[PDB]
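Secondary and tertiary structure notes
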Amino acid sequence: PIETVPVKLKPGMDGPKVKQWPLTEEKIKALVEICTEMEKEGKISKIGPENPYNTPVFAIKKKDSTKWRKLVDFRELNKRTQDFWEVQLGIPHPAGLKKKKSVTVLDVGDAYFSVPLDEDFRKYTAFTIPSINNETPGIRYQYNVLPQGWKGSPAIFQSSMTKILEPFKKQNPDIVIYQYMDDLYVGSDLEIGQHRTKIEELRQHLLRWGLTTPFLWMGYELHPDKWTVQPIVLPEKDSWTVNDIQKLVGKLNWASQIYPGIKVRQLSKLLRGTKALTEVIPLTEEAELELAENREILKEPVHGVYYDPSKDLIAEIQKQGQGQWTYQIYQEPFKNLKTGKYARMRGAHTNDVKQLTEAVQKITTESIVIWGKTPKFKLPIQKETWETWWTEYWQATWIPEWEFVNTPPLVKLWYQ
Amino acid sequence: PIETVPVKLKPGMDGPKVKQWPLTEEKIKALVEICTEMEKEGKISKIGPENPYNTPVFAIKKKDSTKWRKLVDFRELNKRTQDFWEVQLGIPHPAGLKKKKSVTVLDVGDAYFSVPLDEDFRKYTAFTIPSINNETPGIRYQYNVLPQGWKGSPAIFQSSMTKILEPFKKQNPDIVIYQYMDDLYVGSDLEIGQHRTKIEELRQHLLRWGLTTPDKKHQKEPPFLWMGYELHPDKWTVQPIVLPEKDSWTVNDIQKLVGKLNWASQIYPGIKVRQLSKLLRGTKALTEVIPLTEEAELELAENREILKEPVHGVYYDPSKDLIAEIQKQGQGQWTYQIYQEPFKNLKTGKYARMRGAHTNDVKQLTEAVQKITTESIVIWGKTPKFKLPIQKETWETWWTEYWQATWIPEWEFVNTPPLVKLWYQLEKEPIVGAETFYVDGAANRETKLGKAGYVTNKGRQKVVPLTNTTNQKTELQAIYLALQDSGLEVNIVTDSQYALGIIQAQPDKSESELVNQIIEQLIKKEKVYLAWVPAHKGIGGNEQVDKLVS
DNA sequence: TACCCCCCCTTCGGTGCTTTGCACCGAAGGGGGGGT
Ligand SMILES: OC[C@H]1O[C@@](CO)(O[C@H]2O[C@H](CO)[C@@H](O)[C@H](O)[C@H]2O)[C@@H](O)[C@@H]1O
Ligand SMILES: [Mg+2]
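Residues numbered from 1 in each chain as written, not as in the entry; some residues may be left out. Chains lettered and ligands numbered in written order. Heavy atoms only, no water. Residues with missing side-chain atoms left out of burial classes, pairs and counts.

Method of structure determination, per the deposited record: X-ray crystallography was used for this entry, reaching 3.000 Å resolution.

Once that is clear, we can look at unusual backbone geometry. B:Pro223 follows B:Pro222 through a cis peptide bond whose omega is 5°. Relative to the assigned elements, B:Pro223 resides in the loop between α4 (192-208) and β9 (224-226). Of note, the phi angle at A:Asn133 is positive, near 55°, even though the residue is not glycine. Given a relative accessible area of 1%, A:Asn133 falls into the buried group. (Helix = DSSP H or I, 4+ residues; strand = E, 2+ residues; numbered from the N terminus. Buried < 20%, exposed > 50% of the residue type's maximum accessible area, 1.4 Å probe, protein only.)

Turning our attention to helix α9 (residues 392-401) of chain B. The set of residues buried in α9(B) consists of B:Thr394, B:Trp395, B:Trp398 and B:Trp399. Along α9(B), the residues classed as buried sweep out an arc of 105° about the axis, all on the same side. Lining the buried residues of α9(B) we find β10 (314-321) and α9 (352-371) of chain A together with α8 (361-379) and β17 (411-413) of chain B. (Arc of directions from axis to C-beta. Contact = heavy atoms within 4.5 Å.)

Right, let's talk about the nonpolar core for a bit. Core analysis: the biggest nonpolar cluster contains 88 residues, and A:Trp150, A:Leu184, A:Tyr185, A:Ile317, A:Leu356, A:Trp386 and A:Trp394 have the highest contact counts within it. No other element matches α9(A), which puts nine residues into this core. Discounting residues that sit within four places of it in the chain, A:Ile317 has contacts with A:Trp325, A:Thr326, A:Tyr327, A:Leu356, A:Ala359, A:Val360, A:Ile363, A:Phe377, A:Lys378 and A:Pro380. Counting 66 residues, the second largest nonpolar core, distinct from the first, contains A:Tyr259, A:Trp414, B:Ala452 and B:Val533. (Core = buried A, V, L, I, M, F, W, Y, C linked by side-chain atoms within 4.5 Å.)

With 66 residues of chain A at the interface, the matching set in chain B holds 71 residues. Across the chain A to chain B interface the summed buried area is about 5600 Å²; carbon plus sulfur atoms make up 56%. Seen at the junction of chain A and chain B, the total is four salt bridges. The salt bridge partner of B:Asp83 is A:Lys17, with a shortest N-O separation of 3.3 Å. Put simply, chain A and chain B have 30 residue pairs in polar contact between them. Here the side of chain A that touches chain B takes seven residues from helix α6 (residues 242-255) of chain A, the largest share from any one element. For the side of chain A that touches chain B, a count of residues per class yields 28 nonpolar, 26 polar and twelve charged. (Buried area = accessible area lost by both parts, 1.4 Å probe. Salt bridge = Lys/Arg side-chain N within 4 Å of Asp/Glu carboxyl O. Polar contact = N/O pair within 3.5 Å; in protein donor to acceptor, adjacent residues only side chain to side chain. Nonpolar A, V, L, I, M, F, W, Y, C, P; charged D, E, K, R; others polar.)

The next point concerns the packing of helix α10 (residues 471-484) of chain B against helix α11 (residues 497-504) of chain B. All names here are of chain B. Where α10 meets α11, the axes come as close as 8 Å, and the angle between the chain directions of the two elements is 60°. Classified by the interaxial angle, the pair formed by α10 and α11 is oblique. Read as a crossing pair, α10 and α11 show a hand that is right-handed. Mapping the contact onto sequence places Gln 472, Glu 475, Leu 476 and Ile 479 in α10 and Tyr 498, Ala 499 and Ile 503 in α11. A breakdown of the residues in the contact of α10 with α11 according to their chemical character gives five nonpolar, one polar and one charged. (Axes fitted to C-alpha atoms, helices over the stretch in contact; angles between N-to-C directions. Parallel < 35°, antiparallel > 145°, perpendicular 65-115°, else oblique. Left-handed = near helix turned anticlockwise from the far one by under 90°.)

Residue and element names in this part refer to chain A. Every residue close to ligand 1 is listed here: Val 18, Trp 21, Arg 75, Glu 76, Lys 79, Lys 383, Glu 387, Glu 401, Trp 402 and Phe 404. The side chain of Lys 79 places a nitrogen or oxygen atom 3.3 Å from an oxygen atom of ligand 1. About the coverage of ligand 1: the protein hides 73% of its 470 Å² of free accessible area. For the shell around ligand 1, the secondary structure elements donating two or more residues are α2 (75-80), α10 (383-389) and β14 (402-405). In terms of residue count, the dominant contributor to the shell around ligand 1 is α2 (three residues). Tallied by class, the residues present in the shell around ligand 1 amount to four nonpolar, no polar and six charged. Residue assignment places the shell around ligand 1 across two domains, with domain 1 (6-95 + 121-161) and domain 4 (308-414) each supplying three or more. (Near = heavy atom within 4 Å. Areas by Shrake-Rupley, 256 points an atom, 1.4 Å probe, with all protein chains shown as cover. Domains from an automatic or database assignment.)

Let us now look at the pairing of strand β7 (residues 176-180) of chain B. All names here are of chain B. As judged from the five bridges shared by β7 and strand β8 (residues 183-188), these two strands associate in the antiparallel manner. Residue pairing in the sheet places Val 176 in a bridge with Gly 187 of β8. The hairpin formed by β7 and β8 contains two residues between the paired strands, and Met 181 there has a positive phi angle of roughly 60°. (Pairing = 2+ DSSP bridges.)

Let us now look at the coordination of the magnesium ion (ligand 2). Residues and elements named next belong to chain B. Coordination sphere of the magnesium ion (ligand 2), protein contribution only: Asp 440 (OD) and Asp 546 (OD), at 2.2 Å. Separated by 106 residues along the polypeptide, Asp 440 in strand β18 (residues 435-443) and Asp 546 in helix α13 (residues 540-548) bring together distant segments of the chain. Owing to a relative accessible area of 4%, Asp 440 belongs among the buried residues under this scheme. (Donors = N, O, S within 2.8 Å, 3.2 Å for Na, K, Ca; no water.)

Let's shift gears to the side chain of B:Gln404. Considering the arrangement of structural elements, one finds B:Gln404 in the loop between α9 and β17. Accessibility expressed as a relative area gives 3% for B:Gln404, which makes it buried. Engagement of the side chain of B:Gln404 in a polar contact is seen with the side chain of A:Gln382, the distance being 3.0 Å. Every residue in contact with B:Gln404, bar those within four places of it in the chain, is listed here: A:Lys319, A:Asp352, A:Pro380, A:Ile381, A:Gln382, A:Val405 and A:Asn406.

Our focus in this paragraph is the sheet that holds β17(B). Residue and element names in this part refer to chain B. Strand order in the open sheet made by the five strands is β14-β13-β12-β16-β17, with mixed pairing throughout. Edge positions in the sheet fall to β14 (344-351) and β17, since each of these pairs with one other strand and no more. Each adjacent strand pair in this sheet contributes to an overall mean axis angle of 25°, direction not counted. Note: strand β13 (residues 333-341) against β14, seven bridges, orientation antiparallel. What sits directly across from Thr 335, in β14, is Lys 350. Strands in contact with α8 are β12 (323-330), β13, β14 and β16 (385-388); relative to β13, the strand with the most contacts, it is inclined by about 40°.

Once that is clear, we can look at the packing of aromatic side chains. One pass over the full model with this rule turns up 42 aromatic pairs over all chains. For the ring pair B:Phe84 and B:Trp150, a centre distance of 5.7 Å and an interplane angle of 90° mean the geometry is edge-to-face. In this pair, B:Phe84 is assigned in the loop between α2 (75-80) and β4 (102-107) and B:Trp150 in the loop between β6 (139-143) and α3 (153-170), connecting sequence segments 66 residues apart. With respect to burial, B:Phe84 and B:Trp150 carry one shared label: buried. Aromatic pair B:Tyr402 and B:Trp403: ring centres 4.8 Å apart, planes at 45°, arrangement tilted. You'll find B:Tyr402 and B:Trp403 in the same group, each marked buried. Cluster of aromatic residues (ring-pair linked, three or more members): A:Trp21, A:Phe58, A:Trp386, A:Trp390, A:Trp394, A:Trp398 and A:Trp402. Over the face of the ring belonging to A:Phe127 we find A:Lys70, whose NZ or CZ atom lies 3.6 Å from the ring centre. The aromatic ring of B:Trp209 is capped on one face by B:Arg208, whose charged end is 4.3 Å from the ring centroid. (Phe/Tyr/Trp six-rings, centres within 6.5 Å; stacked < 30°, edge-to-face > 60°. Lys NZ or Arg CZ within 6 Å of the ring centre and 35° of its normal.)

This is how it looks when you write it as structure tokens:
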């Protein structure tokens, strides 16, 4: 007998109309079973072609999990649904979460299936299960309860969620808890044993509500205190060739867009004549100071760079080869909030697409912990290549926004 | 009765009011008799004093038939009608079918006219037919069912058809029913007796919901005609392809010709359409006659030799792996075969899309693999093992060095020339003892007159005047000059981001004659090192060659 | 003088860095095919 929270799209926007993409046999089988069980329980209901909306659906296995998990690509719906910051339902972000020694990620999306969804909004959650070789036309369902992966579900459920966590919070007031989409981020400074213990306590605490008023048992352990940053570094040589100094000048000239105090005059002078690239040329005494001064400037932080909660996050990724991937997170060009490097990820030295998929997931995870937002990615890959393979490697319950770029590396800027 | 589907008009829009165009006599007669039939059946209601709406009507002959199907021009209603989400996501393909002991193909008779339109929406389907060539005012009518020509009729019938079939499939889990619109395929591993029974049970369940299955469309003996194919118990094939053999070709003749070859490529291996498609490229209107290029009619001849033999595909065995094998056909053309046992192709196909001004075979092979992977997931729901004409070493060098992420699923080398290879490799480090060329190019924006040249450490120099050019063209030109005038090993320095972006992707083909000329030089070289420097920073011969061509 | 789906090949205009040229991409219109 729970009353439904009314929901409206942003004025001047239609619902999502995104086509369903082809699914593998094992994924269609997982969806048909999952949607059958959900239909028996009233969580979803069959619909017809008179509903003009559609949202893509597929299935994933989380890290080290053997059981399929239904995943809806609600990115279009999420961008067309009223921002709940205006409603005041939006969740605040704790600056302390990134400071804790261990942070565990808990899937709690199952809870959302207990709350009915506003009748007038259900039509926007339509999805279509396809069939192998098109044996059958698509089978369309829509949601009756709060669906996993929709940004409105945690907002509407926050009232019930805060009430459930209230005892555990008061008993252990040092533990930080943050809710993002279908996940719960629980951070503490305890020793690992007591940390997992407290996580186990919270699990059984959640079941006690689940008994009274994909699965909950899984848990992933982060360590945000140990998250390094990868800055811009100039090589160290005792002998420089013409080619080396040309590279150094080009790199410094690019970095000057980030650190304006950088100069290349004395170094450029060393390139006056027209000489073979290989030629070794001694550094002038004036040049040595310029390089050392530049290295000093690179060490200091960029001036006037800070997080604006009203601006979107953007992430760029570069493939450096040998399993090395660099990334930068920013809201304004050349004002990077974070830079980093990944190496020896899964699929390294065999699969590019798996490595990039892991990088995107890692970067999104950090962005949620640090700022409570997921960035929009600029992916160094062809559209067709990415769209063909990425669902085979996706292991998260959210999907960030992305676009495709092709930027040949003229300067080895973020990696030497 | 089939429950109706609630259908609305687009908010704040009203029904159609388009008056009937003049109709030729022969049609008016057949039209009136078709209307009266529908009246007796109850498919159209007679009321018309109160409904201001009218839509034009026309009639065309049914395929392979004396019979005439009435056509309603509903495009105005279509614009005003709510949008629908179509449930027909793709086309079934015979290569996805498993082999069945007993097979039946039957069609629902008068599909749209057996599903009752939404009660409230019926009034907007109103139309008028001149009773005797505008002699007598004529009679108004409304549709009681899904009308042909309405954008919502396919989706509504299709979804209704599925809801009717839903319990029959669930309660007969050892039957396989493929539904495309009204058209039905029914396969089982049951004795032909138990099969004929289940078939008759299906027709009753269908007739019970008002869906007839006339015997005229009830196929019982192979070859079953289905989706444009011919289904035999152990092999399938396409219904005969009619190749126009006309000596005079218009634009429309080649379009029809190329399209038919496309349709044939799904089973007839080796079909090529590049040369014929090049004939199509241009502002030529549909009527103008076009002579076949020498190489264009060589392609047509090779196609005939393929279409001479009769080809057949096999059916799918979910216990065997899928195998995809690709061959290079030159000029950006690729064909493939999907099979599980040698020479027993499930299906074939071709990839020939030329995307990008500058590309190479490796990129194209990757695109061909990606198309085949997606086509395979559509038909069989899994990725086939690949057999590709590229060395493992070639691929390893390509994908590890390329700056974009790229990948190919499990695959093995098949030694079938012409093999895919990289035609040149840029050095990673400057070449000791190689002449170093600093190049640059500039063109006057207003003039469209340009210079391209280079200066060398040894002091070799050159400047070439250029006409009707751009900054970017001159930048490529300077690189071309450096390659022409250098030894087998050369270091080249430029400030053209544009040029370096193109060349570093190791293209082997280009839409630009100049880039092709640069590619030709690069293949002849033994060691080439390209390096970028920023312009206007007073660097090397870069600042010295910038003054020569500016 | 009609409707819905899929496919390939071409053209064309919008978009963003390679910048005021050039490259990429999606839409639309030609054809093939299926069914009403
Ligand atoms: O890979 C992007 C591709 O996906 C589509 C269709 O699924 O759109 C989805 O992805 C976009 C990229 O983030 C989202 O912005 C969009 O909301 C989502 O539906 C295509 O539109 C796009 O080409
Ligand atoms: Mg210049």
